[PDB]
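Report on the structure given below.
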Amino acid sequence: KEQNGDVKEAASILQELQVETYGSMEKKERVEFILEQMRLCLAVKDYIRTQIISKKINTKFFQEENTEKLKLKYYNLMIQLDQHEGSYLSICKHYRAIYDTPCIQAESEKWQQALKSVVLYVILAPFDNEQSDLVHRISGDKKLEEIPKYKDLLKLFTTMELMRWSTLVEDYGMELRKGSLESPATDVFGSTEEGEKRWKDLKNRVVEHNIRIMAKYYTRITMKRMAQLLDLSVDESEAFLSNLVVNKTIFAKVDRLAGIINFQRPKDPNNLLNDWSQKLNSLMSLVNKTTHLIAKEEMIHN
Amino acid sequence: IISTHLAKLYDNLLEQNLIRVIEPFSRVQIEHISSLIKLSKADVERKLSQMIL
Amino acid sequence: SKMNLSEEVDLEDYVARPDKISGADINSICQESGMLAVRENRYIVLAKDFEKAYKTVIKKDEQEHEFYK
Amino acid sequence: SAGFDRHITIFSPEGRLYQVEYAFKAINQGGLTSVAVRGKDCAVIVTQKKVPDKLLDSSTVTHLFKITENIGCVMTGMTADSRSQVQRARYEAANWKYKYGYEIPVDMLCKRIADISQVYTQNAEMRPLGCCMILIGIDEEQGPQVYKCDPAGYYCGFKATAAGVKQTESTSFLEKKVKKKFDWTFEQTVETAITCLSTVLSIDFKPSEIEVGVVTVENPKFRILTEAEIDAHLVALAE
Amino acid sequence: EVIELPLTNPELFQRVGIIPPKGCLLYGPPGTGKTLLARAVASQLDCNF
Ligand SMILES: Nc1ncnc2c1ncn2[C@@H]1O[C@H](COP(=O)(O)OP(=O)(O)O)[C@@H](O)[C@H]1O
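This is how it looks when you write it as structure tokens:
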């Protein structure tokens with residue numbers, strides 16, 4: 153039926169089958185039937201049924217002898233599903249699982265594409281403790297060196313300094329979107345519709361990282377400078393900052409009258425005097441320690 | 318019944334929208350907030366005054 | 350309210366039925382309809398499943414031995 | 006509550022007669038099942054024919070008893086009490102013929118049977134006859150008729166029915182079948198009865214395990230289908 | 147059909163709304179393998195049992 157173009161009818165017929173009920177058939181064939189059902193459902197664009205079917209198939213079974221192809225196909229289908237949904241962190245986990253597969257590991261190009269996609273999707277994923285830990289784990293991969301630009305970008309997204317979107321584009325647009333014979337560009341940032349959406353999401357992630365850096369370092373940055381540093385219009389930058397603040401991602405107080413983006417939380421007198429007391433206590437302890445070392449030095453050089 | 322209850326619902330909706338649009342700001346000018354809510358300047362001013370009072 | 354339900358399901362069709370059922374019966378009807386929907390690998394409850402569950406739940410005579418009435 | 010179930014004439018606290026229900030349950034002791042299907046112009050009943058011994062005489066075990074050339078019965082439950090009730094039904098039909106001329110309609114015949122059973126249940130003198138009495142027979146001006154009328158004394162008009170261990174399942178199957186209005190023909194009626202029995206019992210229904218009796222408008226005489234006719238009906242049913 | 151669907155996909159049960167599938171019963175002749183049924187179905191999970 154699929155060969156005749158009636159994809160909907162084939163999906164309908166195959167969905168009715170309950171592969172799990174067929175306990176007689178071998179586990180590998182059951183998993184293959186589940187994968188076929190998932191592919192048909194995704195082709196029909198019924199992502200809920202695809203999610204249910206994927207939950208039907210277990211993940212432990214992929215730790216077997218000849219399940220390389222099954223793991224690859226299942227993770228590709230799950231990548232498709234979570235790409236439609238928009239969860240980049242799950243996509244990154246799936247691509248990391250794909251990159252761990254021995255068949256992908258052996259071949260240079262396959263593992264290279266897997267690692268490039270993993271780095272890109274870690275970059276795209278929203279900042280979070282889990283995402284930060286995942287980036288930390290991925291960064292310490294010696295094999296990343298074989299792909300220079302992607303590892304450079306991954307490091308740049310962990311360094312605590314501003315990266316300008318204009319400069320980042322001027323540096324990595326050719327290498328990330330188009331690629332070359334020596335730079336096999338992935339489809340993550342492709343020119344397709346999903347490609348443009350994910351490019352905009354990458355710009356959003358870059359601006360979020362920039363705003364986080366400012367909030368960590370600055371205390372009052374004018375709206376003009378914030379817009380310049382984030383590579384956005386004044387109104388658009390203000391809207392993005394307001395959206396971030398409403399969600400509680402970062403603390404800010406947009407004084408639209410004077411264009412002030414004060415970041416510091418209000419300093420209650422108790423906290424200010426507590427900070428002064430902490431400074432004084434540290435000073436006293438350091439003075440005692442320096443006196444001890446000073447007595448030691450006087451003792452030694454009699 | 319419809320008139321009174323819909324007026325109350327409109328008041329509640331305006332209150333919620335105004336509270337939502339002032340969360341990021343700290344010294345927002347009234348014209349910008351009125352534009353964000355898509356309402357006359359005088360109406361937003363009166364509603365804000367009543368809310369504060 | 351919590352159940353997924355579907356557009357084609359009109360609970361008013363069932364509410365007006367003259368059958369005298371307690372709230373526990375209503376909860377049982379809803380749970381049975383949902384579980385029938387889940388059995389057919391359907392995550393959306395439709396009119397057919399609700400009607401079948403209602404007919405099943407309403408049935409409470411059991412034997413009754415046919416002469417007590 | 007449970008102390009009122011030792012005499013048949015004592016009412017339970019909630020308004021129940023426990024001995025009548027106990028006899029109803031005893032109906033199942035025979036371990037058999039019988040089903041009757043009323044067609045458009047025919048009435049067919051099929052009952053299990055269990056012979057768990059090579060030394061038994063299969064001709065003497067048949068449960069389909071002919072009350073009269075025009076009226077039929079199939080006793081399900083206790084064998085001795087069923088045979089006693091069949092003899093009483095034959096007597097009732099003969100007396101009706103002798104006193105009023107025209108053959109007693111099936112409904113009247115085992116309405117008299119059920120009245121006897123009820124008079125048994127009211128006055129505590131005899132244990133109620135624990136055997137369901139399924140009657141068939143063509144009645145002029147009323148087409149085929151099948152009436153089931155039981156120990157407690159309840160008789161009703163049935164388009165299809167069954168009595169025995171597997172009664173609820175058979176009646177549910179008939180309800181699922183009786184609803185799709187279709188040509189209720191002799192062959193169709195026999196096929197539906199045999200199919201319901203086979204599905205309820207989940208058995209391949211060898212020809213020597215079933216016994217069938219049919220009354221038709223064209224031939225309004227109780228006829229017990231032989232092995233050949235039953236086998237032919239079964240082969241038609243399969244294909 | 148009774149212990150697999152609830153275990154594998156609680157999301158579909160929660161998506162529909164009907165959370166509790168509990169209950170179940172295996173009435174029948176005494177000790178004809180009733181425990182074994184709860185053992186054979188223990189092929190996956192059923193650890194504590
Ligand atoms: N169908 C069966 N398959 C396997 N073992 C059985 C079966 N029927 C009975 N048994 C045996 O009987 C025992 C099971 O008894 P069980 O049904 O657990 O009793 P109870 O129902 O009182 O718990 C087991 O030791 C088992 O070997």
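Protein chains in written order, with PDB author numbering: chain W, 153 to 454; chain X, 318 to 370; chain D, 350 to 418; chain G, 6 to 244; chain E, 147 to 195.
Each residue gets a CB set at the ideal place from its N, CA and C atoms; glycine is no exception.
Looking at ligand 1, does it come within less than 8 angstroms of residue i, judged from the CB to the closest heavy atom?
i, result
"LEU182/E", "yes"
"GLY82/G", "no"
"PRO176/E", "yes"
"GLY175/W", "no"
"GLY179/E", "yes"
At a Cβ threshold of 9 angstroms, is residue i touching chain D?
i, result
"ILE149/E", "no"
"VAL187/E", "no"
"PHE29/G", "yes"
"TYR159/G", "yes"
"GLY163/E", "yes"
"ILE200/W", "yes"
"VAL151/G", "no"
"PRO176/E", "no"
"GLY162/G", "no"
Less than 8 angstroms between the CB atoms is what I'm expecting for residue i and residue j, so what's the real figure, rounded?
i, j, result
"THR52/G", "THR84/G", "Not really, about 13 angstroms apart at Cβ, beyond 8 angstroms."
"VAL271/W", "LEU305/W", "7 angstroms"
"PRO149/G", "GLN24/G", "Rounded, the Cβ-Cβ distance is 34 angstroms, inconsistent with contact."
"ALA7/G", "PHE163/G", "Going by Cβ atoms, the distance from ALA7/G to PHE163/G rounds to 33 angstroms, so no, they are not a contact pair."
"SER335/W", "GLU327/W", "5 angstroms"
"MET190/W", "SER176/W", "So it is not a contact: roughly 22 angstroms between Cβ atoms."
"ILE32/G", "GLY158/G", "Between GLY158/G and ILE32/G the Cβ distance is about 14 angstroms, and since that is not below 8 angstroms, they are no contact."
"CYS201/G", "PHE178/G", "5 angstroms"
"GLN127/G", "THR14/G", "7 angstroms"
"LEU335/X", "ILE354/X", "6 angstroms"
Determine the closest residue to residue i out of the options, with distance taken between C-alpha atoms.
i, options, result
"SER366/X", "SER352/X, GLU332/X, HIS322/X", "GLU332/X"
"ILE407/D", "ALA396/D, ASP374/D, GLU413/D, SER382/D", "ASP374/D"
"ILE50/G", "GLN147/G, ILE229/G, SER87/G, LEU242/G", "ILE229/G"
"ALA233/G", "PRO110/G, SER213/G, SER17/G, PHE163/G", "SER213/G"
"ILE363/W", "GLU282/W, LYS355/W, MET378/W", "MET378/W"
"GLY36/G", "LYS45/G, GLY44/G, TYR23/G, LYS55/G", "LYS55/G"
"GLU146/G", "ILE139/G, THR166/G, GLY169/G, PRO110/G", "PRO110/G"
"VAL321/W", "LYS307/W, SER343/W, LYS355/W", "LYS355/W"
"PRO278/W", "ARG350/W, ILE186/W, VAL183/W", "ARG350/W"
"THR374/W", "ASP285/W, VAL386/W, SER434/W", "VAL386/W"
"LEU229/W", "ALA337/W, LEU194/W, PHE214/W, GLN265/W", "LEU194/W"
"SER350/D", "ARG388/D, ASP362/D, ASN376/D, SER371/D", "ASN376/D"
"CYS115/G", "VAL195/G, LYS153/G, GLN34/G, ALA168/G", "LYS153/G"
"residue 5/G", "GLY77/G, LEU60/G, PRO18/G, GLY44/G", "Residue 5/G is absent from the model: chain G starts at 6 and stops at 244."
"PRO167/E", "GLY179/E, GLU150/E, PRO176/E", "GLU150/E"
"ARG117/G", "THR221/G, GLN90/G, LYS211/G", "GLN90/G"
Is the Cβ of residue i closer than 9 angstroms to any Cβ of chain W?
i, result
"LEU158/E", "yes"
"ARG344/X", "yes"
"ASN194/E", "no"
"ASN376/D", "no"
"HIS322/X", "no"
"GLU332/X", "no"
"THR154/E", "yes"
"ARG363/X", "no"
Would a check of beta-carbon distances place residue i closer than 9 angstroms to chain X?
i, result
"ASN426/W", "no"
"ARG377/W", "no"
Consider the Cβ of residue i: report whether some Cβ of chain E lies at a distance smaller than 9 angstroms.
i, result
"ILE204/W", "yes"
"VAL406/D", "no"
How about residue i: is its C-beta nearer than 9 angstroms to some C-beta of chain G?
i, result
"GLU381/D", "no"
"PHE416/D", "yes"
**Asked** Along the chain, which unbroken stretches of the alpha helix (DSSP H) at least 4 residues long are found entirely within the region 143-185 of chain G?
**Response** You should have 172-182.
**Complete beta strand (DSSP E) runs within the region 28-91 of chain G (minimum length 3 residues, chain order)** = Listed in chain order, they are 38-43, 47-53, 77-82.
**Message:** Give the list of continuous alpha helix (DSSP H) stretches no shorter than 4 residues that lie fully inside the region 289-377 of chain W.
**Reply:** 300-308, 317-325, 345-369, all fully within the region 289-377 of chain W.
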